[PDB]
>>> print(open('input.pdb').read())   # PDB, C-alpha atoms
ATOM      1  CA  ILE A 741      12.082 -21.160  17.853  1.00  0.00           C
ATOM      2  CA  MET A 742      11.125 -18.665  15.147  1.00  0.00           C
ATOM      3  CA  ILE A 743       8.938 -19.343  12.123  1.00  0.00           C
ATOM      4  CA  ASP A 744       8.816 -16.109  10.070  1.00  0.00           C
ATOM      5  CA  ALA A 745      12.485 -15.984   9.020  1.00  0.00           C
ATOM      6  CA  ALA A 746      13.401 -15.060   5.450  1.00  0.00           C
ATOM      7  CA  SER A 747      15.521 -18.067   4.301  1.00  0.00           C
ATOM      8  CA  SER A 748      15.856 -16.621   0.781  1.00  0.00           C
ATOM      9  CA  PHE A 749      18.630 -14.398  -0.574  1.00  0.00           C
ATOM     10  CA  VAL A 750      19.336 -13.071  -4.075  1.00  0.00           C
ATOM     11  CA  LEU A 751      22.666 -11.521  -5.038  1.00  0.00           C
ATOM     12  CA  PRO A 752      22.244  -8.105  -6.719  1.00  0.00           C
ATOM     13  CA  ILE A 753      24.730  -8.827  -9.531  1.00  0.00           C
ATOM     14  CA  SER A 754      22.748 -10.518 -12.308  1.00  0.00           C
ATOM     15  CA  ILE A 755      24.935 -13.234 -13.830  1.00  0.00           C
ATOM     16  CA  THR A 756      21.860 -14.750 -15.514  1.00  0.00           C
ATOM     17  CA  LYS A 757      23.577 -15.689 -18.774  1.00  0.00           C
ATOM     18  CA  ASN A 758      24.173 -19.457 -18.550  1.00  0.00           C
ATOM     19  CA  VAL A 759      21.795 -20.109 -15.623  1.00  0.00           C
ATOM     20  CA  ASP A 760      18.569 -21.713 -16.827  1.00  0.00           C
ATOM     21  CA  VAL A 761      18.676 -25.114 -15.073  1.00  0.00           C
ATOM     22  CA  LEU A 762      18.339 -23.780 -11.498  1.00  0.00           C
ATOM     23  CA  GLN A 763      15.260 -22.403  -9.702  1.00  0.00           C
ATOM     24  CA  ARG A 764      14.722 -18.830 -10.882  1.00  0.00           C
ATOM     25  CA  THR A 765      12.430 -16.177  -9.423  1.00  0.00           C
ATOM     26  CA  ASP A 766      10.548 -14.996 -12.571  1.00  0.00           C
ATOM     27  CA  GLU A 788      17.570 -13.914 -10.510  1.00  0.00           C
ATOM     28  CA  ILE A 789      18.738 -16.978  -8.561  1.00  0.00           C
ATOM     29  CA  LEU A 790      17.268 -18.111  -5.238  1.00  0.00           C
ATOM     30  CA  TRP A 791      19.950 -18.840  -2.624  1.00  0.00           C
ATOM     31  CA  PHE A 792      18.755 -20.613   0.521  1.00  0.00           C
ATOM     32  CA  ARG A 793      20.287 -20.824   4.002  1.00  0.00           C
ATOM     33  CA  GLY A 794      20.246 -24.627   3.928  1.00  0.00           C
ATOM     34  CA  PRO A 795      21.048 -27.258   1.294  1.00  0.00           C
ATOM     35  CA  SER A 796      18.712 -29.643  -0.517  1.00  0.00           C
ATOM     36  CA  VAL A 797      17.854 -33.243   0.358  1.00  0.00           C
ATOM     37  CA  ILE A 798      17.674 -36.138  -2.117  1.00  0.00           C
ATOM     38  CA  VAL A 799      14.937 -38.727  -1.558  1.00  0.00           C
ATOM     39  CA  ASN A 800      15.163 -41.781  -3.811  1.00  0.00           C
ATOM     40  CA  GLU A 801      11.663 -43.271  -3.505  1.00  0.00           C
ATOM     41  CA  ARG A 802       8.728 -41.731  -1.640  1.00  0.00           C
ATOM     42  CA  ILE A 803       7.087 -45.128  -0.996  1.00  0.00           C
ATOM     43  CA  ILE A 804       8.420 -47.732   1.453  1.00  0.00           C
ATOM     44  CA  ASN A 805       7.514 -51.402   1.092  1.00  0.00           C
ATOM     45  CA  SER A 806       7.041 -52.412   4.733  1.00  0.00           C
ATOM     46  CA  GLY A 807       7.052 -56.083   3.727  1.00  0.00           C
ATOM     47  CA  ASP A 808      10.035 -57.638   1.846  1.00  0.00           C
ATOM     48  CA  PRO A 809      11.332 -59.551   4.894  1.00  0.00           C
ATOM     49  CA  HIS A 810      14.966 -58.381   4.664  1.00  0.00           C
ATOM     50  CA  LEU A 811      13.630 -55.176   6.267  1.00  0.00           C
ATOM     51  CA  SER A 812      11.035 -56.711   8.606  1.00  0.00           C
ATOM     52  CA  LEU A 813      13.554 -59.331   9.938  1.00  0.00           C
ATOM     53  CA  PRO A 814      11.515 -62.440  10.858  1.00  0.00           C
ATOM     54  CA  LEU A 815      12.699 -64.689  13.682  1.00  0.00           C
ATOM     55  CA  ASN A 816      12.957 -67.851  11.535  1.00  0.00           C
ATOM     56  CA  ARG A 817      16.331 -68.859  10.008  1.00  0.00           C
ATOM     57  CA  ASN A 855      25.977 -63.554   7.732  1.00  0.00           C
ATOM     58  CA  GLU A 856      24.440 -63.594   4.245  1.00  0.00           C
ATOM     59  CA  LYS A 857      25.155 -61.022   1.529  1.00  0.00           C
ATOM     60  CA  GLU A 858      22.779 -60.365  -1.369  1.00  0.00           C
ATOM     61  CA  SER A 859      22.936 -57.470  -3.844  1.00  0.00           C
ATOM     62  CA  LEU A 860      19.426 -56.906  -5.165  1.00  0.00           C
ATOM     63  CA  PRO A 861      18.956 -55.389  -8.640  1.00  0.00           C
ATOM     64  CA  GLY A 862      17.790 -51.802  -8.246  1.00  0.00           C
ATOM     65  CA  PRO A 863      15.734 -49.963  -5.623  1.00  0.00           C
ATOM     66  CA  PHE A 864      12.488 -50.681  -7.539  1.00  0.00           C
ATOM     67  CA  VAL A 865      11.816 -53.778  -5.412  1.00  0.00           C
ATOM     68  CA  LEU A 866      11.105 -51.331  -2.562  1.00  0.00           C
ATOM     69  CA  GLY A 867       8.920 -49.047  -4.686  1.00  0.00           C
ATOM     70  CA  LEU A 868       5.812 -51.166  -5.457  1.00  0.00           C
ATOM     71  CA  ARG A 869       6.339 -51.162  -9.208  1.00  0.00           C
ATOM     72  CA  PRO A 870       3.453 -52.759 -11.148  1.00  0.00           C
ATOM     73  CA  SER A 871       3.812 -55.051 -14.126  1.00  0.00           C
ATOM     74  CA  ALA A 872       3.635 -53.878 -17.739  1.00  0.00           C
ATOM     75  CA  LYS A 873       0.717 -56.186 -18.611  1.00  0.00           C
ATOM     76  CA  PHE A 874      -1.752 -54.162 -16.523  1.00  0.00           C
ATOM     77  CA  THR A 875      -0.479 -50.944 -18.126  1.00  0.00           C
ATOM     78  CA  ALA A 876      -0.954 -52.459 -21.595  1.00  0.00           C
ATOM     79  CA  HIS A 877      -4.437 -53.630 -20.561  1.00  0.00           C
ATOM     80  CA  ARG A 878      -5.299 -50.106 -19.374  1.00  0.00           C
ATOM     81  CA  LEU A 879      -4.000 -48.704 -22.677  1.00  0.00           C
ATOM     82  CA  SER A 880      -6.252 -51.215 -24.451  1.00  0.00           C
ATOM     83  CA  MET A 881      -9.105 -49.937 -22.260  1.00  0.00           C
ATOM     84  CA  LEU A 882      -8.218 -46.325 -23.137  1.00  0.00           C
ATOM     85  CA  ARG A 883      -9.422 -46.507 -26.751  1.00  0.00           C
TER      86      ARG A 883
ATOM     87  CA  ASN B   5     -23.421  -4.825  -2.387  1.00  0.00           C
ATOM     88  CA  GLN B   6     -22.427  -4.425  -6.091  1.00  0.00           C
ATOM     89  CA  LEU B   7     -25.924  -3.153  -6.955  1.00  0.00           C
ATOM     90  CA  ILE B   8     -26.687   0.061  -8.838  1.00  0.00           C
ATOM     91  CA  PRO B   9     -29.454   2.010  -7.037  1.00  0.00           C
ATOM     92  CA  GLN B  10     -32.765   3.091  -8.508  1.00  0.00           C
ATOM     93  CA  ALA B  11     -32.490   6.891  -8.431  1.00  0.00           C
ATOM     94  CA  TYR B  12     -30.301   9.979  -7.757  1.00  0.00           C
ATOM     95  CA  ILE B  13     -29.344  10.449 -11.430  1.00  0.00           C
ATOM     96  CA  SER B  14     -31.000  13.369 -13.246  1.00  0.00           C
ATOM     97  CA  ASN B  15     -28.536  14.266 -16.016  1.00  0.00           C
ATOM     98  CA  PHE B  16     -31.208  15.872 -18.189  1.00  0.00           C
ATOM     99  CA  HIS B  17     -30.485  19.599 -18.587  1.00  0.00           C
ATOM    100  CA  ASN B  18     -26.963  18.910 -19.867  1.00  0.00           C
ATOM    101  CA  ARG B  19     -28.564  16.760 -22.572  1.00  0.00           C
ATOM    102  CA  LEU B  20     -31.013  19.605 -23.215  1.00  0.00           C
ATOM    103  CA  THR B  21     -27.978  21.879 -23.728  1.00  0.00           C
ATOM    104  CA  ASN B  22     -25.829  19.230 -25.442  1.00  0.00           C
ATOM    105  CA  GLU B  23     -26.098  21.027 -28.848  1.00  0.00           C
ATOM    106  CA  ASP B  24     -26.369  17.774 -30.849  1.00  0.00           C
ATOM    107  CA  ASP B  25     -29.800  16.316 -30.021  1.00  0.00           C
ATOM    108  CA  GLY B  26     -32.947  17.567 -31.728  1.00  0.00           C
ATOM    109  CA  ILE B  27     -34.295  19.622 -28.817  1.00  0.00           C
ATOM    110  CA  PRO B  28     -35.923  23.009 -29.611  1.00  0.00           C
ATOM    111  CA  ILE B  29     -36.225  23.975 -25.923  1.00  0.00           C
ATOM    112  CA  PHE B  30     -32.780  25.517 -25.392  1.00  0.00           C
ATOM    113  CA  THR B  31     -30.682  27.400 -27.939  1.00  0.00           C
ATOM    114  CA  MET B  32     -27.532  28.422 -26.041  1.00  0.00           C
ATOM    115  CA  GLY B 148     -22.070  -3.420 -32.870  1.00  0.00           C
ATOM    116  CA  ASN B 149     -23.046  -0.107 -34.461  1.00  0.00           C
ATOM    117  CA  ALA B 150     -25.941   0.651 -32.092  1.00  0.00           C
ATOM    118  CA  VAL B 151     -25.784   3.711 -29.856  1.00  0.00           C
ATOM    119  CA  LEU B 152     -27.893   2.185 -27.071  1.00  0.00           C
ATOM    120  CA  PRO B 153     -27.638  -1.509 -26.013  1.00  0.00           C
ATOM    121  CA  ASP B 154     -31.403  -2.103 -25.959  1.00  0.00           C
ATOM    122  CA  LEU B 155     -31.027  -4.937 -28.490  1.00  0.00           C
ATOM    123  CA  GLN B 156     -27.586  -6.359 -27.583  1.00  0.00           C
ATOM    124  CA  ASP B 157     -26.652  -8.189 -24.393  1.00  0.00           C
ATOM    125  CA  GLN B 158     -23.792  -7.239 -22.070  1.00  0.00           C
ATOM    126  CA  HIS B 159     -23.372 -10.772 -20.581  1.00  0.00           C
ATOM    127  CA  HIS B 160     -25.091  -9.467 -17.396  1.00  0.00           C
ATOM    128  CA  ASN B 161     -22.085  -7.377 -16.342  1.00  0.00           C
ATOM    129  CA  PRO B 162     -22.386  -3.683 -15.353  1.00  0.00           C
ATOM    130  CA  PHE B 163     -18.935  -2.505 -16.581  1.00  0.00           C
ATOM    131  CA  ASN B 164     -19.853  -3.296 -20.213  1.00  0.00           C
ATOM    132  CA  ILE B 165     -22.282  -0.350 -20.183  1.00  0.00           C
ATOM    133  CA  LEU B 166     -19.361   2.088 -19.805  1.00  0.00           C
ATOM    134  CA  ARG B 167     -18.171   1.686 -23.413  1.00  0.00           C
ATOM    135  CA  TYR B 168     -20.942   3.867 -24.821  1.00  0.00           C
ATOM    136  CA  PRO B 169     -20.301   7.630 -24.958  1.00  0.00           C
ATOM    137  CA  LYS B 170     -23.988   8.587 -24.543  1.00  0.00           C
ATOM    138  CA  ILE B 171     -24.143   6.552 -21.312  1.00  0.00           C
ATOM    139  CA  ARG B 172     -20.761   7.264 -19.725  1.00  0.00           C
ATOM    140  CA  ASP B 173     -21.564  10.972 -20.153  1.00  0.00           C
ATOM    141  CA  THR B 174     -24.733  10.333 -18.126  1.00  0.00           C
ATOM    142  CA  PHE B 175     -22.727   8.482 -15.452  1.00  0.00           C
ATOM    143  CA  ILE B 176     -20.084  11.228 -15.234  1.00  0.00           C
ATOM    144  CA  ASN B 177     -22.064  14.472 -15.615  1.00  0.00           C
ATOM    145  CA  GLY B 178     -25.021  13.414 -13.446  1.00  0.00           C
ATOM    146  CA  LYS B 179     -26.326  15.206 -10.376  1.00  0.00           C
ATOM    147  CA  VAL B 180     -28.303  14.575  -7.186  1.00  0.00           C
ATOM    148  CA  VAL B 181     -31.878  15.843  -6.833  1.00  0.00           C
ATOM    149  CA  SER B 182     -34.735  15.517  -4.322  1.00  0.00           C
ATOM    150  CA  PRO B 183     -38.049  13.788  -5.146  1.00  0.00           C
ATOM    151  CA  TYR B 184     -40.996  16.160  -5.396  1.00  0.00           C
ATOM    152  CA  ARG B 185     -44.261  15.169  -3.705  1.00  0.00           C
ATOM    153  CA  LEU B 186     -47.675  16.541  -4.666  1.00  0.00           C
ATOM    154  CA  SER B 198     -66.148  18.124 -14.983  1.00  0.00           C
ATOM    155  CA  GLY B 199     -68.256  16.597 -17.745  1.00  0.00           C
ATOM    156  CA  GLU B 200     -66.437  17.581 -20.935  1.00  0.00           C
ATOM    157  CA  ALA B 201     -62.779  18.475 -21.420  1.00  0.00           C
ATOM    158  CA  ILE B 202     -61.898  21.694 -23.253  1.00  0.00           C
ATOM    159  CA  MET B 203     -58.529  21.419 -25.005  1.00  0.00           C
ATOM    160  CA  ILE B 204     -56.791  24.784 -25.438  1.00  0.00           C
ATOM    161  CA  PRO B 205     -53.239  24.858 -26.876  1.00  0.00           C
ATOM    162  CA  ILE B 206     -50.911  27.141 -24.912  1.00  0.00           C
ATOM    163  CA  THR B 207     -47.788  28.563 -26.553  1.00  0.00           C
ATOM    164  CA  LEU B 208     -44.714  29.832 -24.713  1.00  0.00           C
ATOM    165  CA  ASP B 209     -41.830  32.046 -25.908  1.00  0.00           C
ATOM    166  CA  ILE B 210     -39.654  33.600 -23.172  1.00  0.00           C
ATOM    167  CA  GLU B 211     -35.992  34.561 -23.548  1.00  0.00           C
ATOM    168  CA  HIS B 212     -33.920  34.471 -20.358  1.00  0.00           C
ATOM    169  CA  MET B 213     -30.113  34.698 -19.896  1.00  0.00           C
TER     170      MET B 213
ATOM    171  CA  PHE C  29      33.129 -11.278  -2.873  1.00  0.00           C
ATOM    172  CA  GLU C  30      32.814 -11.720   0.897  1.00  0.00           C
ATOM    173  CA  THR C  31      31.332  -8.202   1.227  1.00  0.00           C
ATOM    174  CA  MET C  32      28.307  -9.065  -0.902  1.00  0.00           C
ATOM    175  CA  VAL C  33      25.463  -9.661   1.561  1.00  0.00           C
ATOM    176  CA  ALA C  34      22.058  -9.989  -0.080  1.00  0.00           C
ATOM    177  CA  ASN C  35      18.498  -8.711   0.447  1.00  0.00           C
ATOM    178  CA  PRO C  36      16.167 -10.880   2.563  1.00  0.00           C
ATOM    179  CA  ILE C  37      12.844 -11.950   1.061  1.00  0.00           C
ATOM    180  CA  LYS C  38      10.173 -11.906   3.766  1.00  0.00           C
ATOM    181  CA  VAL C  39       7.394 -14.478   4.044  1.00  0.00           C
ATOM    182  CA  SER C  40       4.447 -12.008   4.246  1.00  0.00           C
ATOM    183  CA  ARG C  41       2.070 -14.583   5.721  1.00  0.00           C
ATOM    184  CA  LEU C  42      -0.947 -12.258   5.542  1.00  0.00           C
ATOM    185  CA  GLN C  43      -0.108 -11.810   1.850  1.00  0.00           C
ATOM    186  CA  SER C  44       0.618 -15.551   1.562  1.00  0.00           C
ATOM    187  CA  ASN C  45      -2.648 -16.930   2.949  1.00  0.00           C
ATOM    188  CA  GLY C  46      -5.607 -15.366   1.160  1.00  0.00           C
ATOM    189  CA  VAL C  47      -4.761 -12.325  -0.972  1.00  0.00           C
ATOM    190  CA  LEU C  48      -6.912 -11.828  -4.074  1.00  0.00           C
ATOM    191  CA  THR C  49      -6.045 -10.877  -7.657  1.00  0.00           C
ATOM    192  CA  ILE C  58     -12.935  -0.711  -6.686  1.00  0.00           C
ATOM    193  CA  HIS C  59     -14.006   0.753 -10.030  1.00  0.00           C
ATOM    194  CA  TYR C  60     -14.645  -2.644 -11.665  1.00  0.00           C
ATOM    195  CA  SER C  61     -17.769  -3.054  -9.506  1.00  0.00           C
ATOM    196  CA  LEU C  62     -19.877  -0.017 -10.362  1.00  0.00           C
ATOM    197  CA  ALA C  63     -20.752   1.441  -6.952  1.00  0.00           C
ATOM    198  CA  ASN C  64     -18.372   4.440  -6.610  1.00  0.00           C
ATOM    199  CA  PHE C  65     -18.622   7.413  -8.976  1.00  0.00           C
TER     200      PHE C  65
END
>>> encode(input="input.pdb", output="structure tokens")
Amino acid sequence: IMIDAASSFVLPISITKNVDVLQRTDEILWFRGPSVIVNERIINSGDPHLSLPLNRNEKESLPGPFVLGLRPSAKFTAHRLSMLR
Amino acid sequence: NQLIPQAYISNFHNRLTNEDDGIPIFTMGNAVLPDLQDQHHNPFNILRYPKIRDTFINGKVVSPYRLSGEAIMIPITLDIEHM
Amino acid sequence: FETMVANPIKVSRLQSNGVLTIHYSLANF
């Protein structure tokens, strides 16, 4: 198991004409491995569909992942904006 | 560290032979000295003056020398040409 | 296009941990 590997490669031909959305050096960084997509960094460990209680085949499509993201209500945000000035 | 020492600068004879100061010994903002303006307590800000950076550059290293009821004042003149 | 190997960019851990960013301190004339 090695730690001090390079894991970064840049092609010498500069085709930096229409490339401004990627991660530039400031050239294009090319890794040895792909990227990973994480939807929400917070996990609601309640919400008993995930915790599976032992009391009582059912399908249910919940609206959006934001149930599992601890999203606050807009009234507290409006109250904090009223407390801002 | 980062302290300027007290001694070992004696750039005096080059100012005696600088040919611009009013010295009759040898023949052959807008202020010059920052004794009224601050440098924000930084040493490098003293290097912008030409009469001080000349002292820092053209200095030399010397060695320290170690050594009646009515006074009679007699003026003594001196006039000797040499080299 | 398959003969276009690139240049590796090293980590330089001793230059990654605590490198800073001497005539500026007046002690060497």
>>> interface_residues(input="input.pdb", of="chain C", to="chain B", cutoff="7 Å", atoms="all atoms listed in the file", output="list in words")
residues 60, 61, 62 and 63 of chain C
>>> write_last_selection(input="input.pdb", atoms="C-alpha atoms", output="compact mmCIF listing (two decimals), in the frame of the given file")
# COMPACT_ATOMS: atom_id res chain seq x y z
CA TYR C 60 -14.64 -2.64 -11.66
CA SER C 61 -17.77 -3.05 -9.51
CA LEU C 62 -19.88 -0.02 -10.36
CA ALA C 63 -20.75 1.44 -6.95
>>> atom_distance(input="input.pdb", atom1="atom CA of residue A:799", atom2="atom CA of residue A:761")
19.5 Å
>>> interface_residues(input="input.pdb", of="chain A", to="chain C", cutoff="10 Å", atoms="only C-alpha atoms", output="count of residues only")
13
>>> atom_distance(input="input.pdb", atom1="atom CA of residue B:32", atom2="atom CA of residue B:211")
10.7 Å
>>> resolve_selection(input="input.pdb", expression="the PyMOL selection byres ((chain A and resi 866) around 8)", output="list in words")
residues 803, 804, 805, 808, 863, 864, 865, 867 and 868 of chain A
>>> atom_distance(input="input.pdb", atom1="atom CA of residue B:207", atom2="atom CA of residue B:31")
17.2 Å
>>> axis_aligned_box(input="input.pdb", around="stretch 810-857 of chain A", padding_each_side="3 Å", output="JSON")
{"center_x": 18.5, "center_y": -62.0, "center_z": 7.6, "size_x": 20.9, "size_y": 19.7, "size_z": 18.2}
>>> residues_around(input="input.pdb", residues="residue B:183", least_positions_apart="4", cutoff="12 Å", atoms="only C-alpha atoms", output="VMD selection string")
chain B and resid 11 to 14
>>> build_atoms(input="input.pdb", residues="stretch 23-152 of chain B", atoms="N, CA, C and O atoms", output="PDB file, in the frame of the given file")
ATOM      1  N   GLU B  23     -26.300  20.426 -27.528  1.00  0.00           N
ATOM      2  CA  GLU B  23     -26.098  21.027 -28.848  1.00  0.00           C
ATOM      3  C   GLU B  23     -25.917  20.006 -29.970  1.00  0.00           C
ATOM      4  O   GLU B  23     -25.364  20.345 -31.024  1.00  0.00           O
ATOM      5  N   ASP B  24     -26.366  18.767 -29.782  1.00  0.00           N
ATOM      6  CA  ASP B  24     -26.369  17.774 -30.849  1.00  0.00           C
ATOM      7  C   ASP B  24     -27.692  17.039 -31.002  1.00  0.00           C
ATOM      8  O   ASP B  24     -27.983  16.543 -32.093  1.00  0.00           O
ATOM      9  N   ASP B  25     -28.495  16.955 -29.945  1.00  0.00           N
ATOM     10  CA  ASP B  25     -29.800  16.316 -30.021  1.00  0.00           C
ATOM     11  C   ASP B  25     -30.841  17.293 -30.550  1.00  0.00           C
ATOM     12  O   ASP B  25     -30.702  18.511 -30.406  1.00  0.00           O
ATOM     13  N   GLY B  26     -31.888  16.750 -31.168  1.00  0.00           N
ATOM     14  CA  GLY B  26     -32.947  17.567 -31.728  1.00  0.00           C
ATOM     15  C   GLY B  26     -33.927  18.094 -30.699  1.00  0.00           C
ATOM     16  O   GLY B  26     -35.078  17.649 -30.643  1.00  0.00           O
ATOM     17  N   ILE B  27     -33.486  19.041 -29.883  1.00  0.00           N
ATOM     18  CA  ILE B  27     -34.295  19.622 -28.817  1.00  0.00           C
ATOM     19  C   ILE B  27     -34.474  21.111 -29.113  1.00  0.00           C
ATOM     20  O   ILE B  27     -33.490  21.860 -29.094  1.00  0.00           O
ATOM     21  N   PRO B  28     -35.690  21.573 -29.393  1.00  0.00           N
ATOM     22  CA  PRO B  28     -35.923  23.009 -29.611  1.00  0.00           C
ATOM     23  C   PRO B  28     -36.196  23.813 -28.348  1.00  0.00           C
ATOM     24  O   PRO B  28     -36.640  24.960 -28.460  1.00  0.00           O
ATOM     25  N   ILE B  29     -35.956  23.251 -27.163  1.00  0.00           N
ATOM     26  CA  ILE B  29     -36.225  23.975 -25.923  1.00  0.00           C
ATOM     27  C   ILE B  29     -35.158  25.037 -25.690  1.00  0.00           C
ATOM     28  O   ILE B  29     -35.456  26.232 -25.595  1.00  0.00           O
ATOM     29  N   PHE B  30     -33.903  24.615 -25.599  1.00  0.00           N
ATOM     30  CA  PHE B  30     -32.780  25.517 -25.392  1.00  0.00           C
ATOM     31  C   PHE B  30     -32.052  25.785 -26.703  1.00  0.00           C
ATOM     32  O   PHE B  30     -32.008  24.945 -27.606  1.00  0.00           O
ATOM     33  N   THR B  31     -31.473  26.979 -26.791  1.00  0.00           N
ATOM     34  CA  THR B  31     -30.682  27.400 -27.939  1.00  0.00           C
ATOM     35  C   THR B  31     -29.211  27.581 -27.596  1.00  0.00           C
ATOM     36  O   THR B  31     -28.339  27.141 -28.352  1.00  0.00           O
ATOM     37  N   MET B  32     -28.912  28.217 -26.468  1.00  0.00           N
ATOM     38  CA  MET B  32     -27.532  28.422 -26.041  1.00  0.00           C
ATOM     39  C   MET B  32     -27.145  27.429 -24.951  1.00  0.00           C
ATOM     40  O   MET B  32     -27.586  27.545 -23.808  1.00  0.00           O
ATOM     41  N   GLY B 148     -21.709  -3.744 -31.503  1.00  0.00           N
ATOM     42  CA  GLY B 148     -22.070  -3.420 -32.870  1.00  0.00           C
ATOM     43  C   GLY B 148     -22.049  -1.933 -33.172  1.00  0.00           C
ATOM     44  O   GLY B 148     -21.240  -1.188 -32.618  1.00  0.00           O
ATOM     45  N   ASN B 149     -22.945  -1.502 -34.058  1.00  0.00           N
ATOM     46  CA  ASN B 149     -23.046  -0.107 -34.461  1.00  0.00           C
ATOM     47  C   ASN B 149     -24.199   0.629 -33.783  1.00  0.00           C
ATOM     48  O   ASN B 149     -24.511   1.760 -34.171  1.00  0.00           O
ATOM     49  N   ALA B 150     -24.836   0.016 -32.791  1.00  0.00           N
ATOM     50  CA  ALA B 150     -25.941   0.651 -32.092  1.00  0.00           C
ATOM     51  C   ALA B 150     -25.428   1.617 -31.032  1.00  0.00           C
ATOM     52  O   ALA B 150     -24.408   1.378 -30.380  1.00  0.00           O
ATOM     53  N   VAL B 151     -26.153   2.723 -30.864  1.00  0.00           N
ATOM     54  CA  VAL B 151     -25.784   3.711 -29.856  1.00  0.00           C
ATOM     55  C   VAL B 151     -26.189   3.234 -28.467  1.00  0.00           C
ATOM     56  O   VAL B 151     -25.412   3.337 -27.510  1.00  0.00           O
ATOM     57  N   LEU B 152     -27.396   2.689 -28.335  1.00  0.00           N
ATOM     58  CA  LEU B 152     -27.893   2.185 -27.071  1.00  0.00           C
ATOM     59  C   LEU B 152     -28.008   0.667 -27.115  1.00  0.00           C
ATOM     60  O   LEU B 152     -28.470   0.110 -28.118  1.00  0.00           O
TER      61      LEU B 152
END
